[PDB]
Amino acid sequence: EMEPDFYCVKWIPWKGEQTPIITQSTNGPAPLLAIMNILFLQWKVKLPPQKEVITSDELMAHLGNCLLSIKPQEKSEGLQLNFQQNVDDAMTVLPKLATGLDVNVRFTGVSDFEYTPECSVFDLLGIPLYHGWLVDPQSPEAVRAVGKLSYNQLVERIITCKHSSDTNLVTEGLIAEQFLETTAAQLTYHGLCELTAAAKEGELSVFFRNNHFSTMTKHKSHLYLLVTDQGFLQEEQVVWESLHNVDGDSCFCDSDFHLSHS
């Protein structure tokens, strides 16, 4: 709760069984909680009944054991060095999961990130990583200036453009700067529409939005985010938050995706 590597465990009635989800009190462990809450909801990791407090060390130990036990998709007597590489690069990034994980979104697709060691952790676990920071094709200004650029490319392109002689570039600069400013919460209406359609019914996934990672699922063609803030630790019937607009105006739902009241 108070000390910086301690989390409150919240038990919820998930699909017939008391199931733990880990809550967050301070910024930093959202990537670790997003993964660990998926492993707990799939019963791939189990906690002693009514454990109340868990540490970073315990979560990392469980996650490490899960990663090291993944087998390659194709079974071979030899080689599989590419798979072994993914695992070692996943083990090196593991500790950053408690303190904060770097991502580089591209604005072209809900699954589009620069492939980096950080991405590997989700890939090896078969966990989809999504984002809804999508440039609207009906803003062809933004589509032309933003292009196939990642976030990291685009903030540099903005700096170059501001110092350009070429008025075509100065203008590209302004449109991109204006994209980043109006979509600063990192979710567009187009992203939300594309994400709702691409996500798989019943599948658990990680969602990056506003410098935060959430556990996400899709039920009855609708997106939901797991509620992890410790402020809801005592609210058994507050489990899932609807994701159906970009301004945070959500409905709380119980374990079974039924509206909850207080």
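The first residue of the sequence shown is number 1, and the count goes up from there.
*Asks:* If you average the CA temperature factors over each stretch, which comes out higher, 74-82 or 145-153?
*Replies:* For C-alpha atoms only, the mean B-factor is higher in 74-82.
*Asks:* Averaging C-alpha B-factors over each stretch, which comes out higher, 156-164 or 185-193?
*Replies:* Result: 156-164.
*Asks:* Can you work out whether the C-alpha temperature factor of residue 244 puts it in the lowest, middle or highest third of the chain?
*Replies:* Middle third by C-alpha B-factor.
*Asks:* Rank-wise, by C-alpha B-factor, drop residue 105 into the lowest, middle or highest third of its chain.
*Replies:* Its C-alpha B-factor, which the entry lists for residue 105, ranks in the lowest third among residues of this chain.
*Asks:* Split into thirds by Cα B-factor across the chain's modelled residues, where does residue 44 land: lowest, middle or highest?
*Replies:* For residue 44, the deposited C-alpha B-factor lands in the middle third.
*Asks:* Please say which third, lowest, middle or highest, residue 209 falls into when its CA temperature factor is compared across its chain.
*Replies:* Bottom third by C-alpha B-factor.
*Asks:* Could you say whether, by C-alpha temperature factor, residue 180 belongs to the lowest, middle or highest third of its chain?
*Replies:* It belongs to the lowest third of the chain when residues are ordered by C-alpha B-factor.
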